[PDB]
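In what follows, a single structure is set out as structure tokens and then discussed.
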Amino acid sequence: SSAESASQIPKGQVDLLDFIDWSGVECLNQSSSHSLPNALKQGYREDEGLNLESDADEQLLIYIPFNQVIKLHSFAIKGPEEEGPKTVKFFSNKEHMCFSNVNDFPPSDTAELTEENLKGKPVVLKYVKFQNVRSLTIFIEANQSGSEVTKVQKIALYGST
């Protein structure tokens with residue numbers, strides 16, 4: 001799908017929103033009372049009506065398959081400062097995995113929500129590992145302030161093909 005809205009693609013990294021498969025997206029939570037598109041598909045990212053949150057489980061597992069193989073270069077996740085996801089783990093090159101196994105397998109990268117990330121700034125991660133991305137699972141287990149509840153306004157991944 002050709003999917004944009006208000007995405008700012010700089011020079012260095014391209015948005016992966018349009019590179020997402022969308023059809024095979026899978027969520028083992030996606031908010032027990034909310035849906036996934038809320039924070040990922042730009043446009044619905046308005047924390048007023050719909051957002052991606054942790055309903056009860058602060059630990060959230062979201063699986064995103066892509067339509068093309070690109071390299072993940074930078075990531076951008078936003079939410080509230082207290083309810084923002086800090087412990088961000090990713091794992092690519094693996095289609096289908098629940099968090100039980102994510103504990104035994106080393107993540108692709110483990111990021112922290114920086115205050116700048118919280119503003120919509122693409123933070124660069126280990127590009128040396130992201131060479132082939134057909135699949136990317138995002139496992140967020142802990143939030144910024146340990147506030148029990150986590151809220152996500154928007155998720156954006158930027159890659160460099």
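Chain labels A, B, ... are given in the sequence in which chains occur in the structure tokens; within each chain residues are numbered consecutively from 1, and ligands are likewise numbered from 1 in the order shown.
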
Who sits within 7 Å of segment 61-70 of chain A, only C-alpha atoms, same chain under 4 positions skipped, as a PDB file with N, CA, C and O atoms, in the first residue's frame:
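Wrote it out as result.pdb, contents follow:
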ATOM      1  N   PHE A  19       7.102   0.797   3.469  1.00  0.00           N
ATOM      2  CA  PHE A  19       7.771  -0.482   3.225  1.00  0.00           C
ATOM      3  C   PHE A  19       7.192  -1.593   4.061  1.00  0.00           C
ATOM      4  O   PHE A  19       7.594  -2.738   3.925  1.00  0.00           O
ATOM      5  N   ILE A  20       6.254  -1.272   4.897  1.00  0.00           N
ATOM      6  CA  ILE A  20       5.597  -2.268   5.714  1.00  0.00           C
ATOM      7  C   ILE A  20       4.626  -3.089   4.865  1.00  0.00           C
ATOM      8  O   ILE A  20       4.045  -2.581   3.909  1.00  0.00           O
ATOM      9  N   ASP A  21       4.502  -4.357   5.185  1.00  0.00           N
ATOM     10  CA  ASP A  21       3.603  -5.262   4.482  1.00  0.00           C
ATOM     11  C   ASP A  21       2.148  -4.939   4.790  1.00  0.00           C
ATOM     12  O   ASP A  21       1.301  -4.952   3.902  1.00  0.00           O
ATOM     13  N   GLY A  24       0.232  -8.769   6.848  1.00  0.00           N
ATOM     14  CA  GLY A  24       0.636  -9.805   7.766  1.00  0.00           C
ATOM     15  C   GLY A  24       1.096  -9.291   9.107  1.00  0.00           C
ATOM     16  O   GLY A  24       1.777 -10.017   9.839  1.00  0.00           O
ATOM     17  N   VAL A  25       0.752  -8.038   9.441  1.00  0.00           N
ATOM     18  CA  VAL A  25       1.104  -7.495  10.754  1.00  0.00           C
ATOM     19  C   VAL A  25       0.456  -8.332  11.849  1.00  0.00           C
ATOM     20  O   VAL A  25      -0.667  -8.840  11.680  1.00  0.00           O
ATOM     21  N   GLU A  26       1.149  -8.501  12.933  1.00  0.00           N
ATOM     22  CA  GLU A  26       0.689  -9.370  13.970  1.00  0.00           C
ATOM     23  C   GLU A  26       0.991  -8.779  15.322  1.00  0.00           C
ATOM     24  O   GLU A  26       2.089  -8.279  15.560  1.00  0.00           O
ATOM     25  N   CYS A  27       0.033  -8.823  16.199  1.00  0.00           N
ATOM     26  CA  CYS A  27       0.190  -8.243  17.490  1.00  0.00           C
ATOM     27  C   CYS A  27      -0.336  -9.165  18.570  1.00  0.00           C
ATOM     28  O   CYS A  27      -1.501  -9.537  18.569  1.00  0.00           O
ATOM     29  N   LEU A  28       0.525  -9.522  19.496  1.00  0.00           N
ATOM     30  CA  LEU A  28       0.128 -10.367  20.622  1.00  0.00           C
ATOM     31  C   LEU A  28      -0.508  -9.548  21.754  1.00  0.00           C
ATOM     32  O   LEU A  28      -0.799 -10.074  22.819  1.00  0.00           O
ATOM     33  N   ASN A  29      -0.714  -8.258  21.510  1.00  0.00           N
ATOM     34  CA  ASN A  29      -1.413  -7.401  22.467  1.00  0.00           C
ATOM     35  C   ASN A  29      -2.112  -6.267  21.729  1.00  0.00           C
ATOM     36  O   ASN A  29      -3.335  -6.226  21.702  1.00  0.00           O
ATOM     37  N   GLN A  30      -1.297  -5.339  21.127  1.00  0.00           N
ATOM     38  CA  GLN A  30      -1.771  -4.130  20.361  1.00  0.00           C
ATOM     39  C   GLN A  30      -2.775  -3.311  21.130  1.00  0.00           C
ATOM     40  O   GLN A  30      -3.501  -2.554  20.532  1.00  0.00           O
ATOM     41  N   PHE A  99       7.340 -13.567  22.861  1.00  0.00           N
ATOM     42  CA  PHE A  99       8.309 -13.028  23.814  1.00  0.00           C
ATOM     43  C   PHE A  99       8.998 -14.070  24.689  1.00  0.00           C
ATOM     44  O   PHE A  99      10.055 -13.799  25.240  1.00  0.00           O
ATOM     45  N   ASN A 132      19.466  -7.227   6.116  1.00  0.00           N
ATOM     46  CA  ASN A 132      18.292  -7.759   5.467  1.00  0.00           C
ATOM     47  C   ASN A 132      17.135  -7.610   6.375  1.00  0.00           C
ATOM     48  O   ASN A 132      17.141  -8.175   7.449  1.00  0.00           O
ATOM     49  N   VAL A 133      16.166  -6.826   6.000  1.00  0.00           N
ATOM     50  CA  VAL A 133      14.980  -6.747   6.799  1.00  0.00           C
ATOM     51  C   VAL A 133      13.742  -7.108   5.979  1.00  0.00           C
ATOM     52  O   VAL A 133      13.290  -6.327   5.145  1.00  0.00           O
ATOM     53  N   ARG A 134      13.254  -8.312   6.168  1.00  0.00           N
ATOM     54  CA  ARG A 134      11.941  -8.707   5.649  1.00  0.00           C
ATOM     55  C   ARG A 134      10.945  -8.734   6.787  1.00  0.00           C
ATOM     56  O   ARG A 134       9.735  -8.583   6.590  1.00  0.00           O
ATOM     57  N   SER A 135      11.465  -8.907   7.974  1.00  0.00           N
ATOM     58  CA  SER A 135      10.674  -9.015   9.154  1.00  0.00           C
ATOM     59  C   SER A 135      11.326  -8.237  10.285  1.00  0.00           C
ATOM     60  O   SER A 135      12.553  -8.167  10.363  1.00  0.00           O
ATOM     61  N   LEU A 136      10.526  -7.627  11.123  1.00  0.00           N
ATOM     62  CA  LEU A 136      11.023  -6.933  12.283  1.00  0.00           C
ATOM     63  C   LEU A 136      10.014  -7.043  13.398  1.00  0.00           C
ATOM     64  O   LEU A 136       8.860  -6.654  13.239  1.00  0.00           O
ATOM     65  N   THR A 137      10.411  -7.594  14.490  1.00  0.00           N
ATOM     66  CA  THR A 137       9.536  -7.653  15.606  1.00  0.00           C
ATOM     67  C   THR A 137       9.989  -6.635  16.641  1.00  0.00           C
ATOM     68  O   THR A 137      11.186  -6.551  16.955  1.00  0.00           O
ATOM     69  N   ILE A 138       9.059  -5.866  17.132  1.00  0.00           N
ATOM     70  CA  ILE A 138       9.324  -4.865  18.120  1.00  0.00           C
ATOM     71  C   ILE A 138       8.814  -5.358  19.460  1.00  0.00           C
ATOM     72  O   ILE A 138       7.609  -5.616  19.627  1.00  0.00           O
ATOM     73  N   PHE A 139       9.704  -5.514  20.387  1.00  0.00           N
ATOM     74  CA  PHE A 139       9.348  -5.941  21.698  1.00  0.00           C
ATOM     75  C   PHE A 139       9.701  -4.877  22.706  1.00  0.00           C
ATOM     76  O   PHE A 139      10.871  -4.632  23.000  1.00  0.00           O
ATOM     77  N   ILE A 140       8.702  -4.236  23.200  1.00  0.00           N
ATOM     78  CA  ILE A 140       8.882  -3.221  24.207  1.00  0.00           C
ATOM     79  C   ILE A 140       8.407  -3.746  25.543  1.00  0.00           C
ATOM     80  O   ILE A 140       7.237  -4.019  25.730  1.00  0.00           O
ATOM     81  N   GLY A 159      14.937   3.649   7.388  1.00  0.00           N
ATOM     82  CA  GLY A 159      15.947   2.765   6.915  1.00  0.00           C
ATOM     83  C   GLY A 159      16.700   3.354   5.783  1.00  0.00           C
ATOM     84  O   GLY A 159      16.391   4.420   5.345  1.00  0.00           O
ATOM     85  N   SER A 160      17.652   2.659   5.293  1.00  0.00           N
ATOM     86  CA  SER A 160      18.503   3.190   4.265  1.00  0.00           C
ATOM     87  C   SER A 160      18.618   2.255   3.073  1.00  0.00           C
ATOM     88  O   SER A 160      19.574   2.337   2.322  1.00  0.00           O
ATOM     89  N   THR A 161      17.595   1.421   2.870  1.00  0.00           N
ATOM     90  CA  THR A 161      17.547   0.453   1.766  1.00  0.00           C
ATOM     91  C   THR A 161      18.743  -0.529   1.744  1.00  0.00           C
ATOM     92  O   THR A 161      19.806  -0.202   1.193  1.00  0.00           O
TER      93      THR A 161
END

Checklist entry - Among chain A, which ones does DSSP place in strand (DSSP E), written as a VMD selection string? => result chain A and resid 14 to 15 26 to 27 52 to 53 60 to 70 72 to 78 85 to 92 109 to 111 123 to 124 133 to 143 151 to 152 154 to 159

Item to check | Proximity to residue 106 of chain A - best of A:11, A:71, A:34, A:94, only C-alpha atoms | outcome: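 Of all the options, A:94 lies closest to residue 106 of chain A.
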
Next on the checklist: Show me, as a ChimeraX atom specification, the residues that have an atom within 8 Å of residue 144 of chain A when counting only C-alpha atoms, minus same-chain residues fewer than 3 positions from it.
Outcome noted: /A:81-87,113,147

May I have the residues from that selection written out with C-alpha atoms, as a PDB file, in the first residue's frame?
ATOM      1  CA  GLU A  81       7.443  11.272  28.756  1.00  0.00           C
ATOM      2  CA  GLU A  82       6.338   9.042  31.638  1.00  0.00           C
ATOM      3  CA  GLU A  83       4.399   6.493  29.602  1.00  0.00           C
ATOM      4  CA  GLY A  84       6.906   6.237  26.786  1.00  0.00           C
ATOM      5  CA  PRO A  85       8.554   2.847  25.938  1.00  0.00           C
ATOM      6  CA  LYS A  86      12.166   2.919  27.111  1.00  0.00           C
ATOM      7  CA  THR A  87      13.293  -0.657  26.870  1.00  0.00           C
ATOM      8  CA  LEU A 113      13.715   6.066  24.278  1.00  0.00           C
ATOM      9  CA  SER A 147       4.764   3.965  35.156  1.00  0.00           C
TER      10      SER A 147
END

Next on the checklist: Please determine, counting only C-alpha atoms, which residue among A:72, A:142, A:98, A:152 has the shortest atom-to-atom distance to residue 127 of chain A.
Outcome noted: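 Closest candidate: A:72.
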
Next on the checklist: Going by DSSP on the backbone, which residues of segment 49-132 of chain A come out as alpha helix (DSSP H)? List them as a ChimeraX atom specification.
Outcome noted: /A:99-102

Item to check | Selection: 10 Å around segment 41-50 of chain A, only C-alpha atoms, excl. self and same-chain fewer than 6 positions, as a list in words | outcome: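 What passes the distance filter is residues 3, 4, 5, 6, 7, 17, 18, 20, 22, 34, 35, 78, 79, 80, 151, 152, 153, 154, 155 and 156 of chain A.
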
Keeping C-alpha atoms, export the residues of the selection given above as a JSON list (two decimals), in the first residue's frame.
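Generated output (out-v1.json):
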[["chain", "number", "residue", "atom", "x", "y", "z"],
["A", 3, "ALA", "CA", 0.95, 4.95, 2.79],
["A", 4, "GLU", "CA", 1.94, 8.43, 3.82],
["A", 5, "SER", "CA", 0.36, 11.46, 5.51],
["A", 6, "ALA", "CA", 2.83, 13.58, 7.39],
["A", 7, "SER", "CA", 6.07, 11.79, 7.20],
["A", 17, "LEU", "CA", 6.02, 3.05, 6.83],
["A", 18, "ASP", "CA", 5.45, 2.57, 3.11],
["A", 20, "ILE", "CA", 5.60, -2.27, 5.71],
["A", 22, "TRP", "CA", 0.53, -4.29, 6.58],
["A", 34, "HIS", "CA", -7.00, -0.51, 21.09],
["A", 35, "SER", "CA", -5.73, -1.56, 17.64],
["A", 78, "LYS", "CA", 6.89, 8.77, 20.58],
["A", 79, "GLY", "CA", 4.60, 8.78, 23.52],
["A", 80, "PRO", "CA", 4.23, 10.65, 26.82],
["A", 151, "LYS", "CA", 1.36, 4.86, 25.65],
["A", 152, "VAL", "CA", 2.61, 5.18, 22.16],
["A", 153, "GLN", "CA", 1.59, 8.06, 19.92],
["A", 154, "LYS", "CA", 3.52, 7.13, 16.83],
["A", 155, "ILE", "CA", 6.06, 4.63, 15.67],
["A", 156, "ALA", "CA", 8.23, 5.25, 12.66]]

Item to check | Distance in Å - atom CA of residue 118 of chain A versus atom CA of residue 143 of chain A | outcome: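 Rounded to one decimal, the two atoms are 12.0 Å apart.
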